[PDB]
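**Student:** so I've got this experimental structure, pasted below with the sequence.
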Amino acid sequence: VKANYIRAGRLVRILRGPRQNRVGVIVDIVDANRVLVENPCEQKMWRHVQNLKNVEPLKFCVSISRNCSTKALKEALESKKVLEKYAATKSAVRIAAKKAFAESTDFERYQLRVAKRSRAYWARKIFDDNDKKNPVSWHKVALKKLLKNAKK
Amino acid sequence: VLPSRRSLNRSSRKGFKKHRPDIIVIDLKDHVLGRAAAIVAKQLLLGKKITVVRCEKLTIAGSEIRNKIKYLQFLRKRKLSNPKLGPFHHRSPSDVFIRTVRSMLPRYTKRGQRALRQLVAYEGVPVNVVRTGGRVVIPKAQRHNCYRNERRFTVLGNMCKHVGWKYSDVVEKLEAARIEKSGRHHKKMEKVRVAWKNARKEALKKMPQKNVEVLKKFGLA
Amino acid sequence: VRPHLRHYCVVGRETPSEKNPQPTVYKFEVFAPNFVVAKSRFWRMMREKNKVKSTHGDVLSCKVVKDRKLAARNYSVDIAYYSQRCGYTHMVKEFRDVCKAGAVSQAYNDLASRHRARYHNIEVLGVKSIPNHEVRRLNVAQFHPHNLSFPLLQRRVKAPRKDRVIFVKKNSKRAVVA
Amino acid sequence: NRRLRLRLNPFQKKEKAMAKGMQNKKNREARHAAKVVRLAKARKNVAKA
Amino acid sequence: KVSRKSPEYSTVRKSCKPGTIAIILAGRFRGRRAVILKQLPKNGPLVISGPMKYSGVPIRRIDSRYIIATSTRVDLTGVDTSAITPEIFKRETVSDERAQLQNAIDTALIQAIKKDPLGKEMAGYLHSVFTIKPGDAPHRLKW
Amino acid sequence: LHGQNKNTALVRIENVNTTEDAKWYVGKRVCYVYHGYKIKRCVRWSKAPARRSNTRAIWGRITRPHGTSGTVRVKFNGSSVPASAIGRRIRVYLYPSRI
RNA sequence: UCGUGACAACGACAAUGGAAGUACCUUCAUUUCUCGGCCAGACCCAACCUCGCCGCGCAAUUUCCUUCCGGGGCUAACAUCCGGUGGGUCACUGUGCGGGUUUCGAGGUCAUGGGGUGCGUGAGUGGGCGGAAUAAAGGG
RNA sequence: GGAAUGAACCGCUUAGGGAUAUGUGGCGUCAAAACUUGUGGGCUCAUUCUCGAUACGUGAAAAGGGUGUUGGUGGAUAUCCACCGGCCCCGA
RNA sequence: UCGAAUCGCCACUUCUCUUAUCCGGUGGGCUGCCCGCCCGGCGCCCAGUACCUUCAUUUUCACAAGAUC
Ligand SMILES: [Mg+2]
Ligand SMILES: [Mg+2]
């Protein structure tokens, strides 16, 4: 009941196959199962057929006509600059992060471990000083209750 | 399964306190009965220890009357000479699931009998498994991935109630108490969860800047 | 790329003799998986229409026809099939596709599903790219209007084969087994 | 097997050298361009007839 | 042009070069990092010595099939490694001349490491150990 | 369906699930670890007396992938692995390394 | 066929049998003890068998591509479609095939034989080992 | 070696053994193979001998019906009539 | 008495519901589009990102010769 509609100008992300995780624009609808996709500004991504089970619709949409030329599509993309807006989305960031880890060189993997350990160390220290006052953890709450047993 | 005195003396001599083997706990709510059993049977044969809970929420395709008639036809089969030797018709949902899994195993060999002994089935979530860790699901046997929305299905608990199961009300009362108890505790322990999230955000401002740049590049912070 | 039943054009004639020098040259269109099947269909039609058998004939050419560019179109296919109960049935169907070969491949799969007719009991009479405002089928003409849009519901999504799992945690994406 | 192939056919060395020249990058691009020109020119002249 | 009879002849994979950083896969030093120094005269084993004050691995021989050669390389032009010879291992509580050789090699190796722009990160990298955690897939990595 | 051949064994490895993944493990050494009931001879029985135990191991190697889902075929040197190992743990080492 | 002492274990598939291992015995046969006819691992040569990467021939690629005008159609257009006009010198989906020695990045053989260049009558045959030479004839 | 089971069906026909590849038949579990393959189309919902699902194997079924649903053909008018198929249902 | 096989753990996971569903929640403007607003973790070798310090002769693989119970 809440979904991004399939229409001319809607941006989609490919799920599987050779063009996995690429972004294209729907330029035409043939039937209930297939569409035509093109991305002028990216390598590969010429006009081709795609099954509707292999795409995911995004929030962004361009204002073009059905079966528009690759030129008019190009200016429409440039004017709206939706490609830049999609790149700044959280979901796009996660996909790029997953790729960078797959192409790491095992020395940057060590660097990532050092950075994650440094952040965890500082979080533990900050949490501890904020727990000495205003007890939150189980041991500080229990200690306060036990210190209340001071009638001896 | 209750330890004898011999086990108690041996553990005391060697200073052993507690031990928990590797066990996977599966929440079977809104899972297809046949597809869940087939996946569980293969994993048992590969040497896994599996405990399933909420067996009364398993689903079978078709109307309730169709599945009720199917069970009654099974109940009619018995050894005429001596029914106490004939096939046994268990009525609880957990017993129905165990029978289904047993039919997908080499049950007449020691290897098959050992695999069946590694499975424990429950109705609801008993008190001894509540605090054991996070439960898992099987995406290839989930209802929203298997049935078309317009078809009619049957909940196993409702089917068993009308063919002989006598503890449907008992299980319902126990489940209501567990949701209340767990919900209260999860509403508690939110101040600690918020405090931990705030500490991580307070970090990246005291930690070294070079390590912060690395985290940004890998999309972690 | 996807469709089977490529588009073939076969040109042949009868071997000249001293009763019939310079025989007529015929041209035939057929949709077949490969050219060996395409030539087999050509000689069947030549025998049942001109009394010329493959033993007394030659094949001059057998190539693949190139289609137009990629676009959404309406295709009209007039087709016939045989069954023992009813004999020969002739019909005209319409499909949405991007090429002639795709539309004919659709028709063959559609006839198998709806009438249980196999490949060798089917004859194709023609395929044409017809404009809008000339389609008599509502299920095809509903894709014509501009501003057409619809949502995707009841999706069955699957992970890439490299990342499929068996058991997964209930409140996260962390895999447990596999 | 290389020595058995040469033993059975002493022309193998020159046959393979032709294939390597066929695969060479500069020669194959010139051959592609020359073929297009030759075919196009004959098409225009035949039409003008 | 190198003949099989010549000592300089060798058939080892191109990733295993002097100055390469490798992960030990088997033995008492499994999971630790080290630096490849040279290869023995004939087609023999490699000689590895991760800076012993860094990883704890002394001068040793190792087979090329029991190390994973990473892409991190430290320039080794300064270190001569001429004293390394098959006779030191041939001889069958460490000895004085063995300790002196180890100290001389370690001093040159440490200076060469510090010469690299990422010298401090390299020193920490050599301290780290490698292990297979539950849920890891070494076949998907790049090294 | 006719029966089994005990000269080849099938091993399922965690997090492989693909033929291209199983090709990375061709030629790697594997072993099955179990225990007996009295101490017998072992490697370095004299040099390292701390190794003496009831523990035993049977070694083998990976030959080729099996199926399309990451299963591999293993041959255990010159003999079969005992059938009491069906469903138990198998160690897959990372040597000999091609990387 | 039966008794006894010691031992081996064993649910309920009637027992018996076949194949392949293993756990405990046996001390039966053979070999070795400063070299071993034992157990592993890696390396080299030949042979056979795989994988990566790079390519070619052929009017197969014109029932085609592009520009314009005239219909027609939709909404204000554009588009699907029909006639023509003028141009046509990163993938274009058929069919036959190649590539490591003045070298085109690897792997497997516990599924083969080696003396594993030692050597003295135990026959490295190699575009691959030696020693001469430098575009030698044969292609676009 | 396959069709669960079967003298005659399907494949193949046989000295003692390894490696490689196929035939018939298969790839949810039993049970090796799609850890439930496709980034392929349609059709079907079946209440007490319980919808259907490997030929030979009749080794389970007819005439006659259905405003169940999904396709065609020929006529009329800005939707109506007649006829013919597919799966399912009654006859059972 | 026992030499044994197993090799992630958490009092941030260890509550609930949905998939014709604001995929964290939640408003407005003119079908559908547009514009807003508020908010799993650690673990892999310095108890922490500084570059200080012990490792050997167990001298090239062998059940981790070490842990847990
Ligand atoms: Mg030479
Ligand atoms: Mg299987």
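**Tutor:** Nice, thanks for sending it over. Residues are numbered from 1 along each chain as shown, chains lettered A, B, ... in the order given. Ligands and ions are numbered 1, 2, ... in the order given.
**Student:** would you say residue C:62 is within a strand?
**Tutor:** Yes. Residue state for residue C:62 (DSSP: H, G, I helix; E, B strand; the rest coil) corresponds to a strand.
**Student:** let me know the secondary structure of the residue lying closest to it once chain neighbours are set aside.
**Tutor:** In this structure, residue C:62 finds its nearest non-sequential neighbour in residue C:10, 4.9 Å apart by Cβ to Cβ, 6 or more residues apart in numbering or on different chains. Where C-beta positions appear, they are placed from N, C-alpha and C, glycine not excepted. Classification of residue C:10 into helix, strand or coil gives strand, according to three-state DSSP.
**Student:** mind listing the residues bridging to residue C:10?
**Tutor:** For residue C:10, the beta-bridge partners under DSSP bridges are residue C:28, residue C:62.
**Student:** okay, now residue B:213: neighbour count?
**Tutor:** 10 (other Cβ atoms under 10 Å in any protein chain shown).
**Student:** before we move on, the earlier item: can you tell me which residues contact the residue nearest to residue C:62?
**Tutor:** Residue C:10 sits next to C:27-30, C:38-39, C:42, C:59, C:61-62 when contact means Cβ atoms under 8 Å, 6 or more residues apart in numbering or on different chains.
**Student:** where do the strands sit along chain A?
**Tutor:** In chain A, strands defined by DSSP state E lie at A:10-14, A:23-29, A:34-38, A:48-51, A:55-61, listed in chain order.
**Student:** got JSON lines for these, with mean neighbour count and distance to chain B too?
**Tutor:** Output for these, formatted as JSON lines (neighbours: other Cβ atoms under 10 Å in any protein chain shown; distance: least, Cβ to the nearest Cβ, whole Å):
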{"stretch": "strand A:10-14", "mean neighbour count": "21", "distance to chain B": "17"}
{"stretch": "strand A:23-29", "mean neighbour count": "23", "distance to chain B": "18"}
{"stretch": "strand A:34-38", "mean neighbour count": "22", "distance to chain B": "22"}
{"stretch": "strand A:48-51", "mean neighbour count": "16", "distance to chain B": "18"}
{"stretch": "strand A:55-61", "mean neighbour count": "17", "distance to chain B": "17"}
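**Student:** just want the most central residue of chain A.
**Tutor:** In chain A, the C-alpha closest to the average C-alpha coordinate belongs to residue A:91, at a distance of 0.9 Å (Cα atoms, centre = their mean).
**Student:** kindly export the helix with the most length in chain E (C-alpha atoms) in CSV.
**Tutor:** Under DSSP state H, the helix in chain E containing the largest number of residues is helix E:96-115. Extracted as CSV, the C-alpha positions of helix E:96-115 are listed here (Å, rounded to 0.1, in the frame of the first residue of the first chain):
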residue,chain,number,x,y,z
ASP,E,96,77.1,-17.1,21.0
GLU,E,97,77.7,-16.7,17.3
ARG,E,98,74.1,-17.5,16.5
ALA,E,99,73.0,-14.7,18.9
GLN,E,100,75.5,-12.3,17.3
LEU,E,101,74.3,-13.0,13.8
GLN,E,102,70.7,-12.6,15.0
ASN,E,103,71.4,-9.3,16.6
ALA,E,104,73.2,-8.0,13.6
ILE,E,105,70.4,-9.0,11.2
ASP,E,106,67.7,-7.6,13.5
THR,E,107,69.4,-4.2,13.8
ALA,E,108,69.6,-3.8,10.1
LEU,E,109,66.1,-5.1,9.5
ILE,E,110,64.6,-2.7,12.1
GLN,E,111,66.3,0.3,10.5
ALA,E,112,65.0,-0.6,7.1
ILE,E,113,61.5,-0.9,8.4
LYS,E,114,61.6,2.5,10.1
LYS,E,115,62.8,4.0,6.8
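**Student:** and it with RNA strand I, contact?
**Tutor:** Yes. Counting by Cβ under 7 Å from any atom of the strand, RNA strand I is contacted by helix E:96-115 at E:98-99, E:102.
**Student:** re earlier: just the buried subset of the contacts of residue C:10, written out for ChimeraX, thanks.
**Tutor:** One line in ChimeraX is enough to select the buried ones among those; burial here means 16 or more other Cβ atoms under 10 Å in any protein chain shown:
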select /C:28,30,38,39,42,62
